[PDB]
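The structure appears right after this line, and notes come after that.
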Amino acid sequence: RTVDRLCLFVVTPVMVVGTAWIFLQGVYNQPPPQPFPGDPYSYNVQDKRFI
Amino acid sequence: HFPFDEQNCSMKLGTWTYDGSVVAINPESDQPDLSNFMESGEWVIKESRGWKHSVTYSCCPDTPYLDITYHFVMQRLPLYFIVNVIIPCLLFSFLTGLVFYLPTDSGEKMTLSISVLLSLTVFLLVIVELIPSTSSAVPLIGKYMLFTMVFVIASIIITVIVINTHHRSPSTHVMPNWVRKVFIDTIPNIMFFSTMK
Amino acid sequence: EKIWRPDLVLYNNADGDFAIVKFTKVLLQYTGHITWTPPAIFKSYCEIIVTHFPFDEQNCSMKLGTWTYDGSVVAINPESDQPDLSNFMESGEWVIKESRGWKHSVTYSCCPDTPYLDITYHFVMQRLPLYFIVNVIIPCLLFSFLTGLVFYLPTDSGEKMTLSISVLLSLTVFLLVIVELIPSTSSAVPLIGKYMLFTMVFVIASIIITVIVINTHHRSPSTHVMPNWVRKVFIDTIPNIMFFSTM
Amino acid sequence: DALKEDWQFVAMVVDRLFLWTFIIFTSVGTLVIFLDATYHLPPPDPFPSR
Amino acid sequence: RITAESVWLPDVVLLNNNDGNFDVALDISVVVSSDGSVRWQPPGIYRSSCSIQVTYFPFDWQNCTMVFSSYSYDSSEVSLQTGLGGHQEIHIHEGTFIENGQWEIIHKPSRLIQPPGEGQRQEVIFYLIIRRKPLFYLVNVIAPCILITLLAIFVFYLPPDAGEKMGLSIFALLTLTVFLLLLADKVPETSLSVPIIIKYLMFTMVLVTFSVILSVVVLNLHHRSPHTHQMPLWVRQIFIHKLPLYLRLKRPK
Amino acid sequence: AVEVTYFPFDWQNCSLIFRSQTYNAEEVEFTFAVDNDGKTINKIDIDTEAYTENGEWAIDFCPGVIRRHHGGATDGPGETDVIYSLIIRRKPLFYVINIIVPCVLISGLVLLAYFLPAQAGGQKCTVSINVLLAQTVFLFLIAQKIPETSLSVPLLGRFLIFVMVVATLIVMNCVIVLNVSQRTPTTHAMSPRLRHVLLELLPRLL
Amino acid sequence: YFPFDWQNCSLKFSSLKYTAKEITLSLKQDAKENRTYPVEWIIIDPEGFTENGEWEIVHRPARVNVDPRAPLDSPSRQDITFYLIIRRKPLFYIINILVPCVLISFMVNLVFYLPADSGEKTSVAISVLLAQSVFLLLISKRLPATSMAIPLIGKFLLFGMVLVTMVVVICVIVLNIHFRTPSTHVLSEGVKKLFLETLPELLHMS
Ligand SMILES: *[C@@H]1O[C@H](CO)[C@@H](O[C@@H]2O[C@H](CO)[C@@H](O[C@@H]3O[C@H](CO[C@@H]4O[C@H](CO[C@H]5O[C@H](CO)[C@@H](O)[C@H](O)[C@@H]5O)[C@@H](O)[C@H](O)[C@@H]4O)[C@@H](O)[C@H](O[C@H]4O[C@H](CO)[C@@H](O)[C@H](O)[C@@H]4O)[C@@H]3O)[C@H](O)[C@H]2NC(C)=O)[C@H](O)[C@H]1NC(C)=O
Ligand SMILES: *[C@@H]1O[C@H](CO)[C@@H](O[C@@H]2O[C@H](CO)[C@@H](O[C@@H]3O[C@H](CO[C@H]4O[C@H](CO)[C@@H](O)[C@H](O[C@H]5O[C@H](CO)[C@@H](O)[C@H](O)[C@@H]5O)[C@@H]4O)[C@@H](O)[C@H](O[C@H]4O[C@H](CO)[C@@H](O)[C@H](O)[C@@H]4O)[C@@H]3O)[C@H](O)[C@H]2NC(C)=O)[C@H](O)[C@H]1NC(C)=O
Ligand SMILES: *[C@@H]1O[C@H](CO)[C@@H](O[C@@H]2O[C@H](CO)[C@@H](O[C@@H]3O[C@H](CO[C@H]4O[C@H](CO)[C@@H](O)[C@H](O)[C@@H]4O)[C@@H](O)[C@H](O[C@H]4O[C@H](CO)[C@@H](O)[C@H](O)[C@@H]4O)[C@@H]3O)[C@H](O)[C@H]2NC(C)=O)[C@H](O)[C@H]1NC(C)=O
Ligand SMILES: *[C@@H]1O[C@H](CO)[C@@H](O[C@@H]2O[C@H](CO)[C@@H](O[C@@H]3O[C@H](CO[C@H]4O[C@H](CO)[C@@H](O)[C@H](O)[C@@H]4O)[C@@H](O)[C@H](O[C@H]4O[C@H](CO)[C@@H](O)[C@H](O)[C@@H]4O)[C@@H]3O)[C@H](O)[C@H]2NC(C)=O)[C@H](O)[C@H]1NC(C)=O
Ligand SMILES: *[C@@H]1O[C@H](CO)[C@@H](O[C@@H]2O[C@H](CO)[C@@H](O[C@@H]3O[C@H](CO[C@H]4O[C@H](CO)[C@@H](O)[C@H](O)[C@@H]4O)[C@@H](O)[C@H](O[C@H]4O[C@H](CO)[C@@H](O)[C@H](O)[C@@H]4O)[C@@H]3O)[C@H](O)[C@H]2NC(C)=O)[C@H](O)[C@H]1NC(C)=O
Ligand SMILES: CC(C)CCC[C@@H](C)[C@H]1CC[C@H]2[C@@H]3CC=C4C[C@@H](O)CC[C@]4(C)[C@H]3CC[C@]12C
Ligand SMILES: CC(C)CCC[C@@H](C)[C@H]1CC[C@H]2[C@@H]3CC=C4C[C@@H](O)CC[C@]4(C)[C@H]3CC[C@]12C
Ligand SMILES: CC(C)CCC[C@@H](C)[C@H]1CC[C@H]2[C@@H]3CC=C4C[C@@H](O)CC[C@]4(C)[C@H]3CC[C@]12C
Ligand SMILES: CC(C)CCC[C@@H](C)[C@H]1CC[C@H]2[C@@H]3CC=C4C[C@@H](O)CC[C@]4(C)[C@H]3CC[C@]12C
Ligand SMILES: CC(C)CCC[C@@H](C)[C@H]1CC[C@H]2[C@@H]3CC=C4C[C@@H](O)CC[C@]4(C)[C@H]3CC[C@]12C
């Protein structure tokens, strides 16, 4: 029983932390604010580049 | 509301390269012709209708653009999904509660609950191939499926708690007084009472 | 496309092209001799006998003839007695044991003056069964072997039904594999099918007899009383043909 | 009980023997198959001498 | 620049196509120079026959050839040479190449095959030696098989009195059957050899089956009725006196 | 259109309708061809010697009929077509050998749970719930084969749902029998009415 | 990052019958307030466009690409590329795969609260492993077998399978410890001091 309780308090935090890490990489994955890295232009109809 | 969903499907038709000022299109009838329509085994056409539309953009004052849109309202025939999807889910949902009438000393509570969950997981194959893989909303089939899954898992958790409580002895635990009061004194008074205190 | 050609058609075409559709160039000699070697994908209907599958032999055929010309105006003759297999790519599933082309001429009663000709090329092929032996037969053999082990498992272990039912579950899950791999036809029962059904009935019989054995083991002395036929058969007579200590 | 304990001890000893035998057989077979896979390399030359 | 149908073309086709399509995807245009030189660069989507060496799948490499030749003209009429200006290789533009996510190109030569030994024809064969990148199978198949194998080992440390040996072993077997269902969608179906992944899977299945059998033997010994069964003296000697010392099992008292 | 009600023991009525795409019945009309004896061939012709039967479908009948319609005053020009009706019968051997027989046997296995002991090691619930799991596997298998219309329920699906309901009821029954068998006087009081019903009355009535 | 992934697809347009020497490709020019600007994006009718059921268009640029290294008479000199940066809407995968998979994986920690006398610990753990295997079978049909990366759901499933295998091994060790007896094992005073007095006091056990 004591071994079982120690394993409860060791394994379960490892499971929770590993799952949280793996899924937080994906949850905060988003396309970049600009289409092309290094190019500040947005290529949106609002930001017309008049000639 | 899948599988009891109602779908409005249109067919927009128009002259691709001619505008209204050179070619005009008009509907032959207010409704599509369904006289030679073959019966469908999955959908019932409740209503069908054709509407002509004319649009004039500001840049083009004098060239109206015409179209005829034929819309169909359709109701899914739900018998297939009722028979193949909903009824097994209902049977699993019913089997979920039966663990709480099983004695702990049988040594089969976890067998029953885990086997119900394994059946539900195998059923996931059927559901995902049959369910639509879209993210516009959650279907009723999906909501009921997730409900059944969640409550089988809840039954497993609470069953583990019940078994743990059942196996407690003075050599491991001491009975708290509030447990005595709540479970051994008050609650059984308002129950069957065929069980001896 | 510029010249007259014979309109050879695959009479037993199943769901492909009936005639040549790839119109490659003809080699014309000054003597008027034309050679035309078009390619084709032939999809031929053929009676498939699945009785000995996975060790089945299939004698398939390709009937060729001039669709709109009869033998009185256009005659077809085989170039050779056998199909040309000189540029044949090796198959990873079949071995062509035999191949041969035969010309046939048929005269119908309504048409005594227009014989109808054809050339039928047949190929006798044997399936290479290693894939089905490894993927299908060996797991079924292992399940069949595991079926009998339950009768060496003591009742007091409380695991007899676990073993038997779980073997049944493994075989049921494997049935998905078999249905994916083997073909699904009702002309006859394949040999894999017979073995699969034998294994399933074997496991079900094991489960039934195991339930009987468990019930016999747990027969209460209070409720039940031993019949004299059971005592004479099992406690008195049978163990003499075996080697274990009596009660 | 003494006879039962003798049978149980025999069962334990046989279990430990089978544990070590399974470890050895598993490791040897897995290593053989994995080394066969790992040392299968693409040809150094497009047209090897055969 | 002239439409290709307007000029004579050499009838160069992929001889070893698998779908019946011999020709290019779009005829486009030829570029004709004043000296009569004609350059033609038509696009093509080709499905060629490649005999798969299945022995080491998925840790395999393949040798897929594209055989190009004139379908009608013979060597006395049209002579072929590997194109160059002398790089006898498939050209891959480094910037614009769509790399495959499952295959790495090791070699990519080209060779002119002279006719064997008119009607005789040369060929230009472009070879692609490609190595599979097996990460998918390592993650989805091999690692679970290793884990199941470890559990099969650990069955023999489970005490008989727990009543759980059979459940563990046979559910490991059931899990392996699920993985057999997984592989059925992916493996080649030819019968010239057995893929090494299938060999490993059947090896693991045989191991788990033997774990089941030996667990049954151990349970039979453990639950053996003391009165109905008498220990033979050789069993006593070997398994109670000799073997325990070698296995480091000290019976208390 | 597949009539699913008795699948896989079903027969179908597949029509082949032929008509001129251009001309009306006044411009082109149809008659059936005649054999050598002059008998009208009002059916699909099949050369017996060259015919190989489909592996799953036997052609029982194939009549043909020339229909004429839309000759009314309002309708205007008449229309005609030729409809052939292939009445084809499924050969159900594949489904019998591979699906129905194993499913029937595995679904019959739940009846064995009534003969296992109602103790901790009887594994009554093991037998019942795992039969339900196997039936779920068969549901996955059958979903790959059945038609996907909703005019009626096929026989195969009806049988599978029926045996699933029976297995669920037997699971509930096994739970009840275990609950009754394992009652101890330290938890439960001896209900005399049910004891009289089960121990005294029922054996006499039986 | 699947199912929380975004993709970067492209549509590259050029001429194979003409080169930059013969035609010059440019982007369409629109006007506002008598000021011309280039249309540097994919046009989407705001009213008529129906969004894809799984993909949301985040960016949609357009570009003229000229390769300075290629000769002017090459077809590869010029092109116009229309890019679609599209974000997956992960609701379907969440509801139908990820929540059940995560919950089933996390249930395996319940075996540490089950007593060893229940006789059902390793069955629970190995069944969780089986369910994870079914989920892996499901995912394997939905993504390509590329080697550029392990998908996020694949990473979680591998991590959970490893953890469940570890839990099964731990359950085996715990059961082995639980079923020791004086006739088979010797319980040393050090083990008693560590596991019956020190650790339970540290862990706040009852
Ligand atoms: C396999 O599948 C085929 C094709 O579906 C089946 O053959 C068809 O079976 C139908 C019955 O189920 C047949 O329909 C009946 O025909 C009867 C014949 O009597 C004639 O009726 C004529 C009336 O006008 C006809 O033509 C006009 C054309 O515009 C049409 O609108 C009418 O509806 C009608 O078809 C008449 O001019 C002629 O002289 C004959 O008297 C007819 O009596 C039946 O009518 C009865 O049933 C209907 C039911 O709706 C009812 O309204 C009526 O009052 C009356 O009680 C049917 O119309 C159809 O003709 C067959 N088609 C063929 C043979 O080409 C076949 O049976 C199937 N095989 C199986 C299941 O084994
Ligand atoms: C697989 O399946 C194919 C069929 O799809 C099998 O092919 C058959 O092979 C056998 C040989 O093993 C063929 O028999 C031979 O046929 C030739 C040619 O026959 C034709 O020409 C004759 C004139 O030259 C003509 O008389 C024949 O017509 C006969 O039959 C029709 C009815 O079909 C009848 O109306 C006529 O009156 C005739 O009776 C026909 O047009 C023939 O020359 C051969 O004769 C030699 O061998 C036979 C052996 O029995 C011997 O008896 C003769 O005396 C002579 O020595 C022989 O009959 C058969 O025609 C092929 N069938 C085809 C291709 O349709 C193939 O064998 C199968 N393989 C295996 C291994 O199972
Ligand atoms: C989705 O996918 C598309 C591709 O399909 C991506 O588009 C690419 O975006 C990158 C980054 O913006 C582009 O790379 C950049 O190209 C510029 C132009 O190169 C041309 O011109 C130069 C001379 O000026 C030539 O030498 C060259 O050969 C080209 O002809 C460069 O100027 C940029 O340089 C910058 O980055 C480098 C990084 O090494 C630095 O060293 C430099 O100092 C400088 O900061 C850069 O190389 C690329 O060309 C685009 N591909 C196209 C248009 O096909 C999208 O960005 C992507 N979207 C995402 C991921 O959100
Ligand atoms: C499924 O989806 C389709 C669209 O794809 C919907 O179709 C729409 O149907 C409505 C009618 O139900 C269309 O609206 C219009 O109907 C008018 C009919 O007149 C009635 O209504 C008016 C207003 O209440 C009353 O005054 C009058 O007495 C009648 O009771 C037409 O007059 C409208 O025409 C106008 O617009 C067109 C377009 O520019 C002009 O050309 C006309 O000259 C006129 O100005 C109009 O047709 C609606 O337009 C339909 N939409 C489309 C795109 O077809 C279905 O209703 C929907 N089904 C469901 C969900 O049930
Ligand atoms: C992928 O697949 C391709 C083919 O699809 C393989 O290419 C073959 O590779 C082998 C070995 O490299 C080649 O075989 C060798 O060919 C040489 C040339 O043969 C030509 O010239 C002779 C002389 O005129 C003619 O008789 C012959 O018909 C050919 O026209 C031979 O000189 C070689 O012989 C030498 O080695 C053999 C070894 O057994 C000895 O017996 C000989 O005495 C001699 O020492 C040899 O036969 C074969 O031609 C290639 N086929 C082609 C190019 O189509 C690739 O190797 C393969 N790639 C990989 C890595 O798997
Ligand atoms: C730890 C176990 C349950 C694994 C799953 C963890 C999930 C449910 C958690 C971990 C961190 C969470 C995110 C943390 C913060 C935010 C920002 C806020 O706008 C709510 C959504 C969002 C984006 C959460 C979504 C759910 C999330 C991804
Ligand atoms: C269930 C377990 C005990 C069976 C497998 C155990 C042993 C034999 C396995 C586990 C991990 C394996 C290693 C994993 C990866 C590599 C790197 C490769 O480039 C060569 C082989 C090598 C070095 C493997 C050799 C065999 C190995 C050491
Ligand atoms: C691992 C053991 C214990 C059980 C599984 C046996 C497997 C590995 C056996 C069964 C049949 C065998 C194949 C039978 C014949 C051939 C053809 C030839 O090319 C030699 C190897 C090869 C391809 C064998 C490889 C190993 C094989 C696939
Ligand atoms: C739950 C148990 C008792 C029954 C299991 C079989 C189920 C699927 C059966 C029992 C009765 C059946 C229904 C009986 C009659 C009809 C009317 C018919 O026009 C369409 C099919 C329909 C609606 C059937 C559908 C399938 C059905 C619901
Ligand atoms: C234990 C509970 C939380 C169930 C497990 C949830 C797991 C699967 C996590 C992993 C990633 C998570 C998602 C990541 C991002 C978001 C933020 C926002 O868009 C709503 C919730 C949503 C969509 C999360 C829902 C829960 C989620 C799917």
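Scheme for the structure tokens: letters A, B, ... for chains in order shown; per-chain residue numbers from 1; ligand numbers from 1 in order shown.
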Distance table requested - chain B against chain A, cut-off 12 Å, only C-alpha atoms: one row per qualifying residue with the closest atom pair and its distance in Å to one decimal, ordered by chain and rising residue number, as CSV.
residue,atom,partner,partner_atom,distance
B:164,CA,A:1,CA,11.5
B:168,CA,A:1,CA,11.7
B:171,CA,A:1,CA,11.9
B:172,CA,A:1,CA,9.3
B:173,CA,A:1,CA,12.0
Limited to C-alpha atoms, could you put the picked residues into a file as a compact mmCIF listing (two decimals), in the first residue's frame?
# COMPACT_ATOMS: atom_id res chain seq x y z
CA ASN B 164 -11.30 1.26 -2.01
CA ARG B 168 -10.90 -0.62 4.30
CA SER B 171 -5.55 -2.35 10.29
CA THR B 172 -5.31 0.41 7.63
CA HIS B 173 -7.88 3.13 8.43
Each residue of chain F with at least one atom at most 10 Å from ligand 1 should appear once, together with its nearest atom pair and the corresponding distance in Å (one decimal); atoms considered: only C-alpha atoms and all ligand atoms; ordering: chain, then increasing residue number; output as CSV.
residue,atom,partner,partner_atom_place_in_ligand_line,distance
F:11,CA,ligand 1,72 (O),9.4
F:12,CA,ligand 1,71 (C),8.3
F:13,CA,ligand 1,1 (C),5.0
F:14,CA,ligand 1,2 (O),7.2
F:15,CA,ligand 1,2 (O),6.6
F:16,CA,ligand 1,4 (C),9.6
F:17,CA,ligand 1,65 (O),9.6
F:61,CA,ligand 1,72 (O),9.0
F:62,CA,ligand 1,1 (C),9.6
F:63,CA,ligand 1,64 (C),8.4
F:64,CA,ligand 1,65 (O),7.4
F:65,CA,ligand 1,65 (O),5.2
F:66,CA,ligand 1,65 (O),7.1
F:67,CA,ligand 1,65 (O),6.4
F:68,CA,ligand 1,28 (C),7.0
F:69,CA,ligand 1,28 (C),4.5
F:70,CA,ligand 1,29 (O),5.4
F:71,CA,ligand 1,29 (O),7.8
F:72,CA,ligand 1,29 (O),8.4
F:75,CA,ligand 1,29 (O),9.6
F:78,CA,ligand 1,29 (O),9.8
F:79,CA,ligand 1,29 (O),9.4
F:80,CA,ligand 1,28 (C),9.9
F:81,CA,ligand 1,65 (O),9.5
F:82,CA,ligand 1,65 (O),8.0
F:83,CA,ligand 1,65 (O),5.9
F:84,CA,ligand 1,65 (O),7.7
F:85,CA,ligand 1,1 (C),5.6
F:86,CA,ligand 1,1 (C),7.8
F:87,CA,ligand 1,72 (O),6.9
I need the residues from that last selection saved to file as a CSV table (one decimal), in the first residue's frame (with N, CA, C and O atoms), if you can.
chain,number,residue,atom,x,y,z
F,11,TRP,N,-33.3,-10.6,-52.7
F,11,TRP,CA,-33.3,-10.6,-54.2
F,11,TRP,C,-33.7,-9.1,-54.6
F,11,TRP,O,-34.3,-8.4,-53.9
F,12,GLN,N,-33.1,-8.7,-55.7
F,12,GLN,CA,-33.3,-7.3,-56.2
F,12,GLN,C,-33.9,-7.3,-57.6
F,12,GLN,O,-34.0,-8.4,-58.2
F,13,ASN,N,-34.5,-6.2,-58.0
F,13,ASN,CA,-35.2,-6.0,-59.3
F,13,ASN,C,-34.5,-4.8,-59.9
F,13,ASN,O,-35.0,-3.6,-59.7
F,14,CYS,N,-33.4,-5.0,-60.7
F,14,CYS,CA,-32.6,-3.9,-61.3
F,14,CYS,C,-33.1,-3.7,-62.7
F,14,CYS,O,-33.1,-4.7,-63.5
F,15,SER,N,-33.5,-2.5,-63.1
F,15,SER,CA,-34.1,-2.2,-64.4
F,15,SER,C,-33.0,-1.6,-65.3
F,15,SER,O,-32.0,-1.0,-64.9
F,16,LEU,N,-33.1,-1.9,-66.6
F,16,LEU,CA,-32.3,-1.4,-67.7
F,16,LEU,C,-33.3,-0.7,-68.6
F,16,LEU,O,-34.0,-1.4,-69.3
F,17,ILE,N,-33.3,0.6,-68.7
F,17,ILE,CA,-34.3,1.4,-69.5
F,17,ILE,C,-33.5,2.0,-70.7
F,17,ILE,O,-32.6,2.8,-70.5
F,61,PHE,N,-34.5,-14.1,-63.4
F,61,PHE,CA,-35.5,-13.7,-64.5
F,61,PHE,C,-35.0,-12.4,-65.2
F,61,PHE,O,-34.2,-11.6,-64.6
F,62,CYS,N,-35.4,-12.2,-66.4
F,62,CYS,CA,-35.0,-11.0,-67.2
F,62,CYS,C,-36.0,-10.6,-68.3
F,62,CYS,O,-35.7,-10.6,-69.4
F,63,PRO,N,-37.3,-10.4,-67.9
F,63,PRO,CA,-38.3,-10.0,-69.0
F,63,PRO,C,-38.0,-8.6,-69.5
F,63,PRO,O,-37.3,-7.8,-68.9
F,64,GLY,N,-38.6,-8.3,-70.7
F,64,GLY,CA,-38.5,-7.0,-71.3
F,64,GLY,C,-39.9,-6.6,-71.7
F,64,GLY,O,-40.7,-7.4,-72.1
F,65,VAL,N,-40.1,-5.3,-71.7
F,65,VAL,CA,-41.4,-4.7,-72.0
F,65,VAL,C,-41.2,-3.4,-72.7
F,65,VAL,O,-40.4,-2.6,-72.3
F,66,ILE,N,-42.0,-3.2,-73.8
F,66,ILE,CA,-42.0,-1.9,-74.5
F,66,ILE,C,-43.1,-1.1,-74.0
F,66,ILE,O,-44.3,-1.4,-74.1
F,67,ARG,N,-42.8,0.1,-73.4
F,67,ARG,CA,-43.8,1.0,-72.8
F,67,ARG,C,-44.0,2.2,-73.7
F,67,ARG,O,-43.0,2.7,-74.3
F,68,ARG,N,-45.2,2.6,-73.8
F,68,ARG,CA,-45.6,3.8,-74.5
F,68,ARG,C,-46.5,4.7,-73.6
F,68,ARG,O,-47.4,4.2,-72.9
F,69,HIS,N,-46.2,6.0,-73.6
F,69,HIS,CA,-46.9,6.9,-72.6
F,69,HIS,C,-46.8,8.3,-73.1
F,69,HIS,O,-46.1,8.6,-74.2
F,70,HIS,N,-47.4,9.2,-72.4
F,70,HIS,CA,-47.4,10.7,-72.7
F,70,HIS,C,-48.0,11.0,-74.0
F,70,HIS,O,-47.6,11.9,-74.7
F,71,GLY,N,-48.9,10.2,-74.5
F,71,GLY,CA,-49.7,10.4,-75.7
F,71,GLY,C,-50.9,11.2,-75.5
F,71,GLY,O,-51.7,11.3,-76.5
F,72,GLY,N,-51.1,11.8,-74.3
F,72,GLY,CA,-52.3,12.6,-74.1
F,72,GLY,C,-52.3,13.9,-74.9
F,72,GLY,O,-51.3,14.3,-75.4
F,75,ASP,N,-50.2,16.4,-73.1
F,75,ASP,CA,-48.8,15.9,-73.1
F,75,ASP,C,-48.2,16.2,-74.5
F,75,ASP,O,-47.0,16.7,-74.5
F,78,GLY,N,-46.1,11.5,-78.3
F,78,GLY,CA,-45.9,10.3,-77.5
F,78,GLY,C,-44.4,10.0,-77.3
F,78,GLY,O,-43.5,10.3,-78.0
F,79,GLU,N,-44.2,9.2,-76.2
F,79,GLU,CA,-42.9,8.8,-75.8
F,79,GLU,C,-42.9,7.3,-75.6
F,79,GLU,O,-43.9,6.7,-75.3
F,80,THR,N,-41.8,6.6,-75.8
F,80,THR,CA,-41.7,5.2,-75.7
F,80,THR,C,-40.3,4.8,-75.2
F,80,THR,O,-39.3,5.5,-75.4
F,81,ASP,N,-40.2,3.6,-74.5
F,81,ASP,CA,-38.9,3.1,-74.1
F,81,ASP,C,-39.1,1.6,-73.9
F,81,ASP,O,-40.2,1.0,-74.1
F,82,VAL,N,-37.9,0.9,-73.7
F,82,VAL,CA,-37.9,-0.5,-73.5
F,82,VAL,C,-37.2,-0.7,-72.1
F,82,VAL,O,-36.1,-0.3,-71.9
F,83,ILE,N,-37.9,-1.4,-71.2
F,83,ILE,CA,-37.4,-1.7,-69.9
F,83,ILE,C,-37.2,-3.2,-69.7
F,83,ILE,O,-38.2,-4.0,-70.0
F,84,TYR,N,-36.0,-3.6,-69.4
F,84,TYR,CA,-35.7,-4.9,-69.0
F,84,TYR,C,-35.6,-5.0,-67.5
F,84,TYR,O,-35.0,-4.1,-66.9
F,85,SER,N,-36.1,-6.0,-66.9
F,85,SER,CA,-36.1,-6.2,-65.4
F,85,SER,C,-35.3,-7.4,-65.0
F,85,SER,O,-35.8,-8.5,-65.0
F,86,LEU,N,-34.0,-7.2,-64.6
F,86,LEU,CA,-33.2,-8.3,-64.1
F,86,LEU,C,-33.7,-8.6,-62.7
F,86,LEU,O,-33.4,-7.7,-61.8
F,87,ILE,N,-34.3,-9.7,-62.5
F,87,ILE,CA,-34.6,-10.2,-61.1
F,87,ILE,C,-33.4,-11.1,-60.8
F,87,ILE,O,-33.3,-12.2,-61.3
Q: Specify as a PyMOL selection string all residues of chain G found within 7 Å of chain E, counting only C-alpha atoms.
A: chain G and resi 16-17+119+122-123+126+130+133-134+137+145-148+165+169+172+175-176+179+183-186
Q.
Please list as a VMD selection string every residue within 9 Å of residue 126 of chain F, counting only C-alpha atoms and excluding residues in the same chain fewer than 6 positions away.
A. (chain B and resid 108 111 to 112 115) or (chain C and resid 161 to 162 165) or (chain F and resid 113)
Written file, previous selection with N, CA and C atoms, as an mmCIF file, in the first residue's frame:
data_model
loop_
_atom_site.group_PDB
_atom_site.id
_atom_site.type_symbol
_atom_site.label_atom_id
_atom_site.label_comp_id
_atom_site.auth_asym_id
_atom_site.auth_seq_id
_atom_site.Cartn_x
_atom_site.Cartn_y
_atom_site.Cartn_z
ATOM 1 N N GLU B 108 -15.644 -8.298 -9.995
ATOM 2 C CA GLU B 108 -15.979 -8.127 -11.400
ATOM 3 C C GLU B 108 -16.474 -6.728 -11.743
ATOM 4 N N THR B 111 -14.055 -5.322 -14.217
ATOM 5 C CA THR B 111 -14.249 -6.071 -15.453
ATOM 6 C C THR B 111 -15.414 -5.506 -16.254
ATOM 7 N N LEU B 112 -16.564 -5.320 -15.608
ATOM 8 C CA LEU B 112 -17.746 -4.810 -16.291
ATOM 9 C C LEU B 112 -17.522 -3.398 -16.821
ATOM 10 N N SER B 115 -14.828 -3.253 -19.575
ATOM 11 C CA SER B 115 -15.300 -3.865 -20.808
ATOM 12 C C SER B 115 -16.321 -2.985 -21.512
ATOM 13 N N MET C 161 -12.180 -18.856 -17.898
ATOM 14 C CA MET C 161 -13.005 -18.085 -18.814
ATOM 15 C C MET C 161 -12.258 -16.870 -19.338
ATOM 16 N N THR C 162 -11.366 -16.287 -18.534
ATOM 17 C CA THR C 162 -10.524 -15.202 -19.030
ATOM 18 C C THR C 162 -9.737 -15.647 -20.255
ATOM 19 N N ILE C 165 -12.322 -16.784 -23.323
ATOM 20 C CA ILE C 165 -13.045 -15.665 -23.909
ATOM 21 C C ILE C 165 -12.081 -14.684 -24.558
ATOM 22 N N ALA F 113 -23.615 -18.286 -19.314
ATOM 23 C CA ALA F 113 -23.360 -17.585 -18.062
ATOM 24 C C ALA F 113 -24.307 -18.038 -16.959
#
Q: Would you list the contacts of residue 13 of chain D as a ChimeraX atom specification, taking every protein, DNA or RNA residue within 8 Å and counting only C-alpha atoms, but skipping same-chain residues closer than 2 positions in sequence?
A: /D:9-11,15-17 /E:239-240,243-244,247,249
(Q) What does the structure give for the distance between atom CA of residue 230 of chain C and atom CA of residue 116 of chain F, in Å to one decimal? (A)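 Separation of atom CA of residue 230 of chain C and atom CA of residue 116 of chain F: 20.1 Å.
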Q: Residues within 9 Å of ligand 9, counting only C-alpha atoms and all ligand atoms: report them as a ChimeraX atom specification.
A: /B:79-80,82-84,87 /F:5,150-155,157-166
(Q) Only residues of chain B matter here; which ones have an atom within 12 Å of chain E, counting only C-alpha atoms? Give them as number ranges by chain. (A) B: 107, 111, 118, 122
Output C-alpha atoms for every residue in the selection just made, as a CSV table (one decimal), in the first residue's frame.
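Writing done, so here's selection03.csv:
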chain,number,residue,atom,x,y,z
B,107,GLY,CA,-14.4,-9.1,-8.1
B,111,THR,CA,-14.2,-6.1,-15.5
B,118,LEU,CA,-13.5,-1.1,-24.4
B,122,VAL,CA,-14.2,-0.1,-30.5
